[PDB]
């Protein structure tokens, strides 16, 4: 709605595959946590938002950027918002302006750690 708590676990999945953002809000907050036991260098997760069209490009380039850049191309203009890459027992939050999004456009959230985006992706919709 206005804020969502998302968990990325050791089973390589987020708790949810769909987020809806209330268009009447000015900002939207994503709180990311990592239940489980594996550290970020093996089962790291971030939360990255792009249009569905741009997802593939963001993932491909992020995979090539490495752990120390949180598997994201620095200053990637396609990334609307993102957290850092976290491991078990860590947390990160990102707040972004809702006007960065528009109705009728399809958005996807995903993890860019290599391989994870096959399962760790979902839709975000403005309503």
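Residue numbers count along the first chain shown, from 1.
As recorded in the PDB entry, 99-107 is the stretch of 99-107 and 12-20 with the greater mean C-alpha temperature factor. Two stretches are in play, 39-47 and 68-76, and the higher mean C-alpha B-factor belongs to 68-76. In the deposited entry, the Cα temperature factor of residue 63 sits in the top third of values across the chain's modelled residues. When the modelled residues of the chain are ordered by their C-alpha B factor, residue 123 lands in the lowest third. Among all modelled residues in its chain, residue 82 ranks in the lowest third by Cα B-factor.
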